[PDB]
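The data block below is run-v9.pdb; it holds PDB, C-alpha atoms (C1' of nucleotides).
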ATOM      1  CA  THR O  16       0.000   0.000   0.000  1.00  0.00           C
ATOM      2  CA  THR O  17       3.031   2.267  -0.213  1.00  0.00           C
ATOM      3  CA  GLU O  18       3.032   2.462  -4.008  1.00  0.00           C
ATOM      4  CA  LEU O  19      -0.631   3.447  -4.050  1.00  0.00           C
ATOM      5  CA  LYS O  20       0.193   6.150  -1.502  1.00  0.00           C
ATOM      6  CA  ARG O  21       3.009   7.670  -3.569  1.00  0.00           C
ATOM      7  CA  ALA O  22       1.035   7.549  -6.824  1.00  0.00           C
ATOM      8  CA  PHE O  23      -1.602  10.041  -5.636  1.00  0.00           C
ATOM      9  CA  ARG O  24       0.920  12.220  -3.738  1.00  0.00           C
ATOM     10  CA  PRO O  25       2.286  15.155  -5.723  1.00  0.00           C
ATOM     11  CA  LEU O  26       5.899  14.027  -6.284  1.00  0.00           C
ATOM     12  CA  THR O  27       5.054  11.130  -8.624  1.00  0.00           C
ATOM     13  CA  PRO O  28       3.398  11.499 -12.041  1.00  0.00           C
ATOM     14  CA  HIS O  29      -0.238  10.697 -12.442  1.00  0.00           C
ATOM     15  CA  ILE O  30      -2.504   7.815 -13.378  1.00  0.00           C
ATOM     16  CA  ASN O  35     -11.712   1.474 -13.280  1.00  0.00           C
ATOM     17  CA  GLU O  36     -13.448   4.214 -11.299  1.00  0.00           C
ATOM     18  CA  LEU O  37     -14.506   2.370  -8.129  1.00  0.00           C
ATOM     19  CA  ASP O  38     -11.149   1.080  -6.873  1.00  0.00           C
ATOM     20  CA  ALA O  39      -9.775   4.630  -6.900  1.00  0.00           C
ATOM     21  CA  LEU O  40     -12.318   6.545  -4.828  1.00  0.00           C
ATOM     22  CA  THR O  41     -12.575   3.746  -2.256  1.00  0.00           C
ATOM     23  CA  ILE O  42      -8.810   4.016  -1.910  1.00  0.00           C
ATOM     24  CA  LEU O  43      -9.160   7.820  -1.712  1.00  0.00           C
ATOM     25  CA  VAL O  44     -11.410   7.394   1.332  1.00  0.00           C
ATOM     26  CA  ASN O  45      -8.770   5.170   2.892  1.00  0.00           C
ATOM     27  CA  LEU O  46      -5.926   7.679   2.615  1.00  0.00           C
ATOM     28  CA  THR O  47      -7.107   9.560   5.687  1.00  0.00           C
ATOM     29  CA  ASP O  48      -5.813   6.593   7.700  1.00  0.00           C
ATOM     30  CA  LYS O  49      -2.574   7.224   9.515  1.00  0.00           C
ATOM     31  CA  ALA O  60     -11.054  -1.763   2.096  1.00  0.00           C
ATOM     32  CA  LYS O  61     -14.778  -1.009   1.640  1.00  0.00           C
ATOM     33  CA  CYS O  62     -15.543  -1.368   5.377  1.00  0.00           C
ATOM     34  CA  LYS O  63     -14.535   1.957   6.940  1.00  0.00           C
ATOM     35  CA  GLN O  64     -15.367   3.454   3.536  1.00  0.00           C
ATOM     36  CA  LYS O  65     -18.982   3.069   4.707  1.00  0.00           C
ATOM     37  CA  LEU O  66     -18.534   5.051   7.944  1.00  0.00           C
ATOM     38  CA  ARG O  67     -19.856   8.602   7.470  1.00  0.00           C
ATOM     39  CA  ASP O  68     -19.007  10.973  10.311  1.00  0.00           C
ATOM     40  CA  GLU O  69     -20.624  14.376   9.886  1.00  0.00           C
ATOM     41  CA  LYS O  70     -17.463  15.776  11.502  1.00  0.00           C
ATOM     42  CA  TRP O  71     -15.341  13.956   8.915  1.00  0.00           C
ATOM     43  CA  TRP O  72     -17.251  15.447   5.976  1.00  0.00           C
ATOM     44  CA  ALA O  73     -17.181  19.004   7.339  1.00  0.00           C
ATOM     45  CA  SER O  74     -13.492  18.887   8.298  1.00  0.00           C
ATOM     46  CA  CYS O  75     -12.410  17.487   4.935  1.00  0.00           C
ATOM     47  CA  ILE O  76     -13.723  20.671   3.325  1.00  0.00           C
ATOM     48  CA  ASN O  77     -11.172  22.626   5.400  1.00  0.00           C
ATOM     49  CA  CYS O  78      -8.307  20.943   3.564  1.00  0.00           C
ATOM     50  CA  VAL O  79      -9.232  22.264   0.120  1.00  0.00           C
ATOM     51  CA  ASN O  80      -9.693  25.660   1.801  1.00  0.00           C
ATOM     52  CA  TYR O  81      -5.924  25.595   2.498  1.00  0.00           C
ATOM     53  CA  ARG O  82      -4.910  23.849  -0.732  1.00  0.00           C
ATOM     54  CA  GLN O  83      -2.104  26.079  -1.998  1.00  0.00           C
ATOM     55  CA  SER O  84      -0.535  26.973  -5.353  1.00  0.00           C
ATOM     56  CA  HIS O  85       2.712  28.546  -4.150  1.00  0.00           C
ATOM     57  CA  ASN O  86       3.912  27.642  -0.682  1.00  0.00           C
ATOM     58  CA  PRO O  87       4.776  30.681   1.480  1.00  0.00           C
ATOM     59  CA  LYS O  88       6.102  28.401   4.230  1.00  0.00           C
ATOM     60  CA  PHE O  89       8.979  26.986   2.266  1.00  0.00           C
ATOM     61  CA  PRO O  90      12.185  28.149   4.033  1.00  0.00           C
ATOM     62  CA  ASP O  91      10.487  29.339   7.194  1.00  0.00           C
ATOM     63  CA  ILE O  92       7.618  27.180   8.471  1.00  0.00           C
ATOM     64  CA  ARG O  93       6.589  29.989  10.817  1.00  0.00           C
ATOM     65  CA  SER O  94       5.057  32.084   8.030  1.00  0.00           C
ATOM     66  CA  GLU O  95       1.376  32.633   7.501  1.00  0.00           C
ATOM     67  CA  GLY O  96      -0.594  32.973   4.277  1.00  0.00           C
ATOM     68  CA  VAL O  97      -2.628  31.210   1.561  1.00  0.00           C
ATOM     69  CA  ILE O  98      -1.942  31.358  -2.205  1.00  0.00           C
ATOM     70  CA  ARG O  99      -4.119  29.706  -4.914  1.00  0.00           C
ATOM     71  CA  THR O 100      -3.025  31.758  -7.912  1.00  0.00           C
ATOM     72  CA  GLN O 101      -1.432  31.245 -11.313  1.00  0.00           C
ATOM     73  CA  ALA O 102       1.814  32.608 -12.741  1.00  0.00           C
ATOM     74  CA  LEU O 103       0.793  35.981 -14.123  1.00  0.00           C
ATOM     75  CA  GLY O 104       1.570  36.907 -17.705  1.00  0.00           C
ATOM     76  CA  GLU O 105       4.026  35.571 -20.261  1.00  0.00           C
ATOM     77  CA  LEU O 106       7.762  35.895 -20.786  1.00  0.00           C
ATOM     78  CA  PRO O 107      10.294  35.155 -23.582  1.00  0.00           C
ATOM     79  CA  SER O 108      12.011  31.962 -24.620  1.00  0.00           C
ATOM     80  CA  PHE O 109      15.323  32.216 -22.751  1.00  0.00           C
ATOM     81  CA  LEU O 110      13.579  32.755 -19.378  1.00  0.00           C
ATOM     82  CA  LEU O 111      11.810  30.120 -17.318  1.00  0.00           C
ATOM     83  CA  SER O 112       9.160  30.302 -14.609  1.00  0.00           C
ATOM     84  CA  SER O 113       6.130  28.402 -13.301  1.00  0.00           C
ATOM     85  CA  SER O 114       4.111  29.471 -16.349  1.00  0.00           C
ATOM     86  CA  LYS O 115       5.948  27.477 -19.013  1.00  0.00           C
ATOM     87  CA  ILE O 116       5.461  24.174 -17.155  1.00  0.00           C
ATOM     88  CA  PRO O 117       1.824  22.939 -17.066  1.00  0.00           C
ATOM     89  CA  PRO O 118       0.348  24.082 -13.705  1.00  0.00           C
ATOM     90  CA  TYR O 119      -1.313  21.195 -11.865  1.00  0.00           C
ATOM     91  CA  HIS O 120       0.970  19.862  -9.083  1.00  0.00           C
ATOM     92  CA  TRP O 121      -0.501  21.735  -6.127  1.00  0.00           C
ATOM     93  CA  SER O 122      -0.544  20.712  -2.474  1.00  0.00           C
ATOM     94  CA  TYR O 123      -1.631  21.463   1.134  1.00  0.00           C
ATOM     95  CA  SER O 124       0.251  24.234   3.050  1.00  0.00           C
ATOM     96  CA  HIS O 125      -1.605  24.213   6.433  1.00  0.00           C
ATOM     97  CA  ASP O 126      -1.316  22.209   9.737  1.00  0.00           C
ATOM     98  CA  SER O 127       0.231  18.750  10.231  1.00  0.00           C
ATOM     99  CA  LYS O 128      -3.005  17.539  11.841  1.00  0.00           C
ATOM    100  CA  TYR O 129      -4.706  17.357   8.449  1.00  0.00           C
ATOM    101  CA  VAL O 130      -1.951  16.178   6.120  1.00  0.00           C
ATOM    102  CA  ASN O 131      -3.603  12.774   5.754  1.00  0.00           C
ATOM    103  CA  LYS O 132      -7.163  14.117   5.830  1.00  0.00           C
ATOM    104  CA  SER O 133      -6.201  16.299   2.851  1.00  0.00           C
ATOM    105  CA  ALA O 134      -5.686  13.196   0.719  1.00  0.00           C
ATOM    106  CA  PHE O 135      -9.412  12.849   0.029  1.00  0.00           C
ATOM    107  CA  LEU O 136      -9.992  16.094  -1.886  1.00  0.00           C
ATOM    108  CA  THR O 137      -6.562  17.498  -2.843  1.00  0.00           C
ATOM    109  CA  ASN O 138      -4.720  14.564  -4.439  1.00  0.00           C
ATOM    110  CA  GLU O 139      -5.546  15.594  -8.078  1.00  0.00           C
ATOM    111  CA  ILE O 146      -5.712  15.474 -15.121  1.00  0.00           C
ATOM    112  CA  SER O 147      -7.430  17.597 -12.481  1.00  0.00           C
ATOM    113  CA  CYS O 148      -8.484  17.608  -8.843  1.00  0.00           C
ATOM    114  CA  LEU O 149     -11.568  16.784  -6.831  1.00  0.00           C
ATOM    115  CA  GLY O 150     -11.991  20.475  -6.043  1.00  0.00           C
ATOM    116  CA  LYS O 172     -26.118  14.139   1.347  1.00  0.00           C
ATOM    117  CA  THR O 173     -23.270  14.833  -1.166  1.00  0.00           C
ATOM    118  CA  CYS O 174     -25.279  17.783  -2.631  1.00  0.00           C
ATOM    119  CA  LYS O 175     -25.323  19.565   0.788  1.00  0.00           C
ATOM    120  CA  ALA O 176     -21.475  19.409   0.939  1.00  0.00           C
ATOM    121  CA  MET O 177     -21.158  20.633  -2.712  1.00  0.00           C
ATOM    122  CA  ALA O 178     -23.317  23.772  -2.196  1.00  0.00           C
ATOM    123  CA  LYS O 179     -21.000  25.083   0.596  1.00  0.00           C
ATOM    124  CA  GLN O 180     -17.805  24.068  -1.327  1.00  0.00           C
ATOM    125  CA  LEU O 181     -18.781  25.732  -4.669  1.00  0.00           C
ATOM    126  CA  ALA O 182     -19.570  29.134  -3.052  1.00  0.00           C
ATOM    127  CA  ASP O 183     -16.298  29.182  -1.010  1.00  0.00           C
ATOM    128  CA  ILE O 184     -14.141  27.280  -3.525  1.00  0.00           C
ATOM    129  CA  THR O 185     -12.587  30.768  -4.089  1.00  0.00           C
ATOM    130  CA  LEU O 186      -9.872  29.978  -6.624  1.00  0.00           C
ATOM    131  CA  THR O 187      -7.203  32.619  -7.455  1.00  0.00           C
ATOM    132  CA  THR O 188      -6.768  33.750  -3.866  1.00  0.00           C
ATOM    133  CA  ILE O 189      -4.059  35.813  -2.169  1.00  0.00           C
ATOM    134  CA  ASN O 190      -4.492  36.015   1.619  1.00  0.00           C
ATOM    135  CA  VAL O 191      -1.290  37.400   3.121  1.00  0.00           C
ATOM    136  CA  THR O 192      -0.913  40.057   5.785  1.00  0.00           C
ATOM    137  CA  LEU O 193       2.622  41.320   5.924  1.00  0.00           C
ATOM    138  CA  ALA O 194       3.067  42.519   9.487  1.00  0.00           C
ATOM    139  CA  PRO O 195       3.101  39.524  12.011  1.00  0.00           C
ATOM    140  CA  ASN O 196       4.867  36.892   9.908  1.00  0.00           C
ATOM    141  CA  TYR O 197       8.168  35.962   8.316  1.00  0.00           C
ATOM    142  CA  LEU O 198       8.466  36.954   4.664  1.00  0.00           C
ATOM    143  CA  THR O 199      11.219  38.273   2.441  1.00  0.00           C
ATOM    144  CA  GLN O 200      10.875  41.784   1.046  1.00  0.00           C
ATOM    145  CA  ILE O 201      12.876  43.485  -1.725  1.00  0.00           C
ATOM    146  CA  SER O 202      12.841  47.035  -3.099  1.00  0.00           C
ATOM    147  CA  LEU O 203      13.412  47.259  -6.890  1.00  0.00           C
ATOM    148  CA  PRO O 204      12.922  50.443  -9.008  1.00  0.00           C
ATOM    149  CA  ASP O 205       9.930  50.751 -11.404  1.00  0.00           C
ATOM    150  CA  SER O 206      10.461  53.208 -14.331  1.00  0.00           C
ATOM    151  CA  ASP O 207      12.526  56.389 -13.587  1.00  0.00           C
ATOM    152  CA  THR O 208      11.743  56.635  -9.807  1.00  0.00           C
ATOM    153  CA  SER O 209       9.723  54.917  -7.003  1.00  0.00           C
ATOM    154  CA  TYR O 210      10.628  51.305  -5.966  1.00  0.00           C
ATOM    155  CA  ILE O 211       8.218  48.288  -5.718  1.00  0.00           C
ATOM    156  CA  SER O 212       8.331  45.817  -2.809  1.00  0.00           C
ATOM    157  CA  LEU O 213       8.469  42.152  -3.785  1.00  0.00           C
ATOM    158  CA  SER O 214       7.958  39.055  -1.653  1.00  0.00           C
ATOM    159  CA  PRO O 215       9.082  35.960  -3.597  1.00  0.00           C
ATOM    160  CA  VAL O 216       7.125  32.793  -2.808  1.00  0.00           C
ATOM    161  CA  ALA O 217       8.181  29.285  -3.847  1.00  0.00           C
ATOM    162  CA  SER O 218       5.909  27.710  -6.438  1.00  0.00           C
ATOM    163  CA  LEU O 219       5.017  24.077  -5.884  1.00  0.00           C
ATOM    164  CA  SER O 220       4.750  23.070  -9.536  1.00  0.00           C
ATOM    165  CA  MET O 221       8.413  24.000 -10.079  1.00  0.00           C
ATOM    166  CA  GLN O 222       9.597  22.007  -7.063  1.00  0.00           C
ATOM    167  CA  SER O 223       7.974  18.678  -7.916  1.00  0.00           C
ATOM    168  CA  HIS O 224       8.995  19.214 -11.535  1.00  0.00           C
ATOM    169  CA  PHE O 225      12.682  19.510 -10.591  1.00  0.00           C
ATOM    170  CA  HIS O 226      12.485  16.708  -8.017  1.00  0.00           C
ATOM    171  CA  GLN O 227      11.327  14.152 -10.602  1.00  0.00           C
ATOM    172  CA  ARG O 228      13.624  14.908 -13.537  1.00  0.00           C
ATOM    173  CA  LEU O 229      16.794  15.017 -11.418  1.00  0.00           C
ATOM    174  CA  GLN O 230      16.549  11.464 -10.009  1.00  0.00           C
ATOM    175  CA  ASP O 231      19.122   9.901 -12.313  1.00  0.00           C
ATOM    176  CA  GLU O 232      21.677  12.691 -12.055  1.00  0.00           C
ATOM    177  CA  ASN O 233      24.284  12.416  -9.328  1.00  0.00           C
ATOM    178  CA  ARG O 234      26.113  15.373 -10.879  1.00  0.00           C
ATOM    179  CA  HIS O 235      23.582  18.161 -11.511  1.00  0.00           C
ATOM    180  CA  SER O 236      21.617  17.654  -8.282  1.00  0.00           C
ATOM    181  CA  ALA O 237      22.298  19.092  -4.828  1.00  0.00           C
ATOM    182  CA  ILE O 238      20.049  17.968  -1.989  1.00  0.00           C
ATOM    183  CA  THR O 239      18.842  20.284   0.806  1.00  0.00           C
ATOM    184  CA  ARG O 240      17.110  18.702   3.805  1.00  0.00           C
ATOM    185  CA  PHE O 241      14.573  20.317   6.143  1.00  0.00           C
ATOM    186  CA  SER O 242      13.174  19.396   9.549  1.00  0.00           C
ATOM    187  CA  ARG O 243       9.669  19.401  11.086  1.00  0.00           C
ATOM    188  CA  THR O 244       8.558  18.552   7.559  1.00  0.00           C
ATOM    189  CA  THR O 245       4.893  17.857   8.304  1.00  0.00           C
ATOM    190  CA  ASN O 246       4.547  21.518   9.291  1.00  0.00           C
ATOM    191  CA  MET O 247       5.845  22.371   5.816  1.00  0.00           C
ATOM    192  CA  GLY O 248       3.184  20.592   3.786  1.00  0.00           C
ATOM    193  CA  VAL O 249       2.278  17.439   1.908  1.00  0.00           C
ATOM    194  CA  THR O 250       4.592  18.252  -1.029  1.00  0.00           C
ATOM    195  CA  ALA O 251       7.520  18.033   1.395  1.00  0.00           C
ATOM    196  CA  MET O 252       6.354  14.919   3.242  1.00  0.00           C
ATOM    197  CA  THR O 253       6.649  12.719   0.155  1.00  0.00           C
ATOM    198  CA  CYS O 254      10.288  13.489  -0.596  1.00  0.00           C
ATOM    199  CA  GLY O 255      10.979  13.202   3.135  1.00  0.00           C
ATOM    200  CA  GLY O 256      12.378  16.731   3.482  1.00  0.00           C
ATOM    201  CA  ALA O 257      15.135  16.374   0.879  1.00  0.00           C
ATOM    202  CA  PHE O 258      14.423  18.577  -2.140  1.00  0.00           C
ATOM    203  CA  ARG O 259      17.011  17.758  -4.877  1.00  0.00           C
ATOM    204  CA  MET O 260      17.957  21.171  -6.268  1.00  0.00           C
ATOM    205  CA  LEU O 261      19.807  21.985  -9.517  1.00  0.00           C
ATOM    206  CA  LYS O 262      23.565  22.372  -9.067  1.00  0.00           C
ATOM    207  CA  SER O 263      25.775  24.167 -11.602  1.00  0.00           C
ATOM    208  CA  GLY O 264      27.308  20.989 -13.019  1.00  0.00           C
ATOM    209  CA  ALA O 265      31.095  20.779 -12.826  1.00  0.00           C
ATOM    210  CA  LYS O 266      33.402  22.974 -10.781  1.00  0.00           C
ATOM    211  CA  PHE O 267      34.405  26.563 -11.453  1.00  0.00           C
ATOM    212  CA  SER O 268      37.722  27.171 -13.278  1.00  0.00           C
ATOM    213  CA  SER O 269      38.690  30.630 -14.642  1.00  0.00           C
ATOM    214  CA  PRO O 270      40.753  30.800 -17.904  1.00  0.00           C
ATOM    215  CA  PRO O 271      42.858  33.971 -18.595  1.00  0.00           C
ATOM    216  CA  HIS O 272      40.747  36.873 -20.014  1.00  0.00           C
TER     217      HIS O 272
ATOM    218  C1'  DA G   1      92.105  49.148 -36.083  1.00  0.00           C
ATOM    219  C1'  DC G   2      87.892  46.159 -36.996  1.00  0.00           C
ATOM    220  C1'  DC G   3      86.012  42.329 -39.529  1.00  0.00           C
ATOM    221  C1'  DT G   4      84.836  37.850 -41.355  1.00  0.00           C
ATOM    222  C1'  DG G   5      82.580  32.010 -40.207  1.00  0.00           C
ATOM    223  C1'  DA G   6      81.117  28.829 -48.048  1.00  0.00           C
ATOM    224  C1'  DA G   7      78.093  25.766 -50.773  1.00  0.00           C
ATOM    225  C1'  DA G   8      76.121  20.652 -52.971  1.00  0.00           C
ATOM    226  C1'  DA G   9      74.158  15.586 -52.724  1.00  0.00           C
ATOM    227  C1'  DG G  10      72.580  11.291 -49.607  1.00  0.00           C
ATOM    228  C1'  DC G  11      70.674   8.758 -44.308  1.00  0.00           C
ATOM    229  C1'  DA G  12      69.078   0.587 -46.950  1.00  0.00           C
ATOM    230  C1'  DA G  13      65.825  -3.763 -46.576  1.00  0.00           C
ATOM    231  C1'  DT G  14      64.271  -8.702 -44.475  1.00  0.00           C
ATOM    232  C1'  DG G  15      61.963 -12.079 -40.220  1.00  0.00           C
ATOM    233  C1'  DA G  16      59.769 -13.114 -35.398  1.00  0.00           C
ATOM    234  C1'  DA G  17      57.221 -10.697 -30.015  1.00  0.00           C
ATOM    235  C1'  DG G  18      55.900 -18.563 -25.891  1.00  0.00           C
ATOM    236  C1'  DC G  19      53.005 -19.901 -21.883  1.00  0.00           C
ATOM    237  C1'  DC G  20      50.128 -21.400 -16.798  1.00  0.00           C
ATOM    238  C1'  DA G  21      48.280 -21.682 -11.914  1.00  0.00           C
ATOM    239  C1'  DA G  22      45.864 -18.765  -7.663  1.00  0.00           C
ATOM    240  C1'  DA G  23      43.314 -13.544  -5.823  1.00  0.00           C
ATOM    241  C1'  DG G  24      42.404 -15.782   2.409  1.00  0.00           C
ATOM    242  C1'  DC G  25      38.624 -15.114   6.678  1.00  0.00           C
ATOM    243  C1'  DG G  26      36.648 -13.025  11.551  1.00  0.00           C
ATOM    244  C1'  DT G  27      34.241  -8.399  13.574  1.00  0.00           C
ATOM    245  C1'  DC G  28      31.891  -3.589  14.111  1.00  0.00           C
ATOM    246  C1'  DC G  29      29.538   1.779  11.447  1.00  0.00           C
ATOM    247  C1'  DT G  30      27.615   6.045  18.701  1.00  0.00           C
ATOM    248  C1'  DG G  31      24.136   9.369  21.036  1.00  0.00           C
ATOM    249  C1'  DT G  32      22.075  14.626  22.644  1.00  0.00           C
ATOM    250  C1'  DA G  33      19.639  19.721  21.516  1.00  0.00           C
ATOM    251  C1'  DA G  34      16.669  22.805  17.993  1.00  0.00           C
ATOM    252  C1'  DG G  35       7.191  22.501  16.189  1.00  0.00           C
ATOM    253  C1'  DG G  36       2.981  25.072  13.860  1.00  0.00           C
ATOM    254  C1'  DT G  37      -2.196  25.135  14.705  1.00  0.00           C
ATOM    255  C1'  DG G  38      -6.425  24.078  17.480  1.00  0.00           C
ATOM    256  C1'  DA G  39     -10.152  23.230  22.409  1.00  0.00           C
TER     257       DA G  39
END

The structure given in the file should be rewritten as structure tokens.
Amino acid sequence: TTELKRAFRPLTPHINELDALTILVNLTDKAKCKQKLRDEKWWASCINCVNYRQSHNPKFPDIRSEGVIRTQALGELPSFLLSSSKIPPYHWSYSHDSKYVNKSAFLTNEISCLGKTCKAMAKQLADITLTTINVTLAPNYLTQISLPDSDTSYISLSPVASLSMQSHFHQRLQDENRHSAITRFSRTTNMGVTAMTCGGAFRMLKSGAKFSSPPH
DNA sequence: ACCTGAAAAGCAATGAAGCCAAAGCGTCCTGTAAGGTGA
């Protein structure tokens, strides 16, 4: 049951319609039998996990930060540059508490996502609230950069790590012991689900060989 | 008192480069510190 767990979790590529959703019930465990048990407190708390489903994780270096992001990479940019627009945007994850990292596997495992069944749907559709920025800058832990716009007057920028770029880089760099440079983090369930699967190690992109300067 | 060190042609062919055997076992790879949300 470990290969079924990794296949729905956002650091493996994606994937006869009854075996799946009766496994998706059973990924809140920490089968068809407990798939029948319907707690009204299990249905109303599972809606909280899509409410903190996040596009770009603000908690990525510092797990103390505080904010929710469900937005898309804005605009378009030329060929020699590379951002989270040019890669197809569907690997998203859960950026909230470690209490609900397994209870978020019922409605945020996502090719698209699952975001008295009708009663649940009416509340979810109204508050689904996609394309959401909820950050307050004062009592949290965010980076901040002044950069000039036009002739005068700077703009403050808070870079936030996109999740669809992380799981993209983590998958392609498996076979490369030379262009990959692993950073490990701790208290990883407070980070999010997209950091649980890799175990905390994130497999960055190193600049290949060493540096050697020829005469100029 | 100083100034000079020459040109012209050549640098050979024939044959071979052996094997045979092996590459040891016993035993281990340390522990302590550093949590964000919710009732």

field: Straight-line distance linking CA of residue 186 in chain O with CA of residue 91 in chain O, stated in Å to one decimal
entry: 24.6 Å

message: Distance cut-off 12 Å, counting only C-alpha atoms (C1' of nucleotides) - which residues of chain O neighbour chain G? Return them as a count of residues only.
response: 19

- request: Can you turn the PyMOL selection byres ((chain O and resi 60) around 12) into a concrete residue list for this file, as a list in words?
  value: residues 16, 37, 38, 39, 40, 41, 42, 43, 44, 45, 46, 48, 61, 62, 63, 64, 65 and 66 of chain O

task: Run the PyMOL selection byres ((chain O and resi 96) around 6) mentally over the shown coordinates, then write out the matched residues as JSON, numbers by chain, using the chain letters and numbers from the document.
output: {"O": [95, 97, 190, 191]}

Residue selection dump (C-alpha atoms) as a PDB file, in the frame of the given file:
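Output contents, as saved in result18.pdb:
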ATOM      1  CA  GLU O  95       1.376  32.633   7.501  1.00  0.00           C
ATOM      2  CA  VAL O  97      -2.628  31.210   1.561  1.00  0.00           C
ATOM      3  CA  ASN O 190      -4.492  36.015   1.619  1.00  0.00           C
ATOM      4  CA  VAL O 191      -1.290  37.400   3.121  1.00  0.00           C
TER       5      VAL O 191
END

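Once the PyMOL selection byres ((chain O and resi 134) around 9) is applied to the depicted file, the selected set reads residues 23, 24, 43, 44, 45, 46, 47, 78, 129, 130, 131, 132, 133, 135, 136, 137 and 138 of chain O.
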
task: Find the spatial neighbours of residue 101 in chain O, counting only C-alpha atoms (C1' of nucleotides), within a cut-off of 12 Å - ignore same-chain residues fewer than 4 positions away - and output them as a list in words.
output: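 Contacts, in chain order: residues 83, 84, 85, 105, 112, 113, 114, 115, 116, 117, 118, 119, 120, 121, 186, 187, 188, 189, 218, 219 and 220 of chain O.
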
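Excluding range 251-263 of chain O itself and same-chain residues fewer than 2 positions from it, the residues having an atom within 8 Å of it are residues 21, 24, 25, 26, 222, 225, 226, 229, 234, 235, 236, 237, 238, 239, 240, 241, 242, 244, 245, 247, 248, 249, 265 and 266 of chain O, counting only C-alpha atoms (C1' of nucleotides).
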
task: Would you work out the distance separating CA of residue 98 in chain O from CA of residue 195 in chain O, expressed in Å to one decimal?
output: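 Between CA of residue 98 in chain O and CA of residue 195 in chain O the gap works out to 17.2 Å.
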
message: Between CA of residue 79 in chain O and CA of residue 179 in chain O, what distance in Å does the model show, to one decimal?
response: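 So the answer is 12.1 Å.
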
Quick one: range 178-189 of chain O with N, CA, C and O atoms, as a PDB file, in the coordinates of the input?
ATOM      1  N   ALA O 178     -22.810  22.380  -2.175  1.00  0.00           N
ATOM      2  CA  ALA O 178     -23.317  23.772  -2.196  1.00  0.00           C
ATOM      3  C   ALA O 178     -22.372  24.691  -1.414  1.00  0.00           C
ATOM      4  O   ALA O 178     -22.045  25.775  -1.934  1.00  0.00           O
ATOM      5  N   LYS O 179     -21.931  24.264  -0.227  1.00  0.00           N
ATOM      6  CA  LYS O 179     -21.000  25.083   0.596  1.00  0.00           C
ATOM      7  C   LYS O 179     -19.642  25.214  -0.107  1.00  0.00           C
ATOM      8  O   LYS O 179     -19.103  26.336  -0.150  1.00  0.00           O
ATOM      9  N   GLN O 180     -19.139  24.107  -0.664  1.00  0.00           N
ATOM     10  CA  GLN O 180     -17.805  24.068  -1.327  1.00  0.00           C
ATOM     11  C   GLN O 180     -17.753  24.970  -2.566  1.00  0.00           C
ATOM     12  O   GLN O 180     -16.763  25.712  -2.705  1.00  0.00           O
ATOM     13  N   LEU O 181     -18.788  24.936  -3.410  1.00  0.00           N
ATOM     14  CA  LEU O 181     -18.781  25.732  -4.669  1.00  0.00           C
ATOM     15  C   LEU O 181     -18.727  27.234  -4.367  1.00  0.00           C
ATOM     16  O   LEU O 181     -17.922  27.933  -5.012  1.00  0.00           O
ATOM     17  N   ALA O 182     -19.522  27.696  -3.399  1.00  0.00           N
ATOM     18  CA  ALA O 182     -19.570  29.134  -3.052  1.00  0.00           C
ATOM     19  C   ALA O 182     -18.216  29.608  -2.509  1.00  0.00           C
ATOM     20  O   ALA O 182     -17.762  30.695  -2.919  1.00  0.00           O
ATOM     21  N   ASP O 183     -17.585  28.799  -1.652  1.00  0.00           N
ATOM     22  CA  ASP O 183     -16.298  29.182  -1.010  1.00  0.00           C
ATOM     23  C   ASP O 183     -15.091  28.586  -1.745  1.00  0.00           C
ATOM     24  O   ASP O 183     -13.963  28.803  -1.264  1.00  0.00           O
ATOM     25  N   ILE O 184     -15.294  27.880  -2.862  1.00  0.00           N
ATOM     26  CA  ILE O 184     -14.141  27.280  -3.525  1.00  0.00           C
ATOM     27  C   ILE O 184     -13.030  28.309  -3.684  1.00  0.00           C
ATOM     28  O   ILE O 184     -11.857  28.003  -3.442  1.00  0.00           O
ATOM     29  N   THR O 185     -13.400  29.551  -4.032  1.00  0.00           N
ATOM     30  CA  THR O 185     -12.587  30.768  -4.089  1.00  0.00           C
ATOM     31  C   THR O 185     -11.206  30.587  -4.703  1.00  0.00           C
ATOM     32  O   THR O 185     -10.197  30.833  -4.040  1.00  0.00           O
ATOM     33  N   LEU O 186     -11.150  30.134  -5.950  1.00  0.00           N
ATOM     34  CA  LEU O 186      -9.872  29.978  -6.624  1.00  0.00           C
ATOM     35  C   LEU O 186      -9.299  31.359  -6.947  1.00  0.00           C
ATOM     36  O   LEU O 186     -10.018  32.364  -6.926  1.00  0.00           O
ATOM     37  N   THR O 187      -7.988  31.398  -7.220  1.00  0.00           N
ATOM     38  CA  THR O 187      -7.203  32.619  -7.455  1.00  0.00           C
ATOM     39  C   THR O 187      -7.303  33.551  -6.241  1.00  0.00           C
ATOM     40  O   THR O 187      -7.975  34.585  -6.241  1.00  0.00           O
ATOM     41  N   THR O 188      -6.675  33.095  -5.161  1.00  0.00           N
ATOM     42  CA  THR O 188      -6.768  33.750  -3.866  1.00  0.00           C
ATOM     43  C   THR O 188      -5.386  34.096  -3.325  1.00  0.00           C
ATOM     44  O   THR O 188      -4.486  33.255  -3.284  1.00  0.00           O
ATOM     45  N   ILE O 189      -5.233  35.351  -2.908  1.00  0.00           N
ATOM     46  CA  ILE O 189      -4.059  35.813  -2.169  1.00  0.00           C
ATOM     47  C   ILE O 189      -4.572  36.287  -0.811  1.00  0.00           C
ATOM     48  O   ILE O 189      -5.318  37.264  -0.722  1.00  0.00           O
TER      49      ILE O 189
END
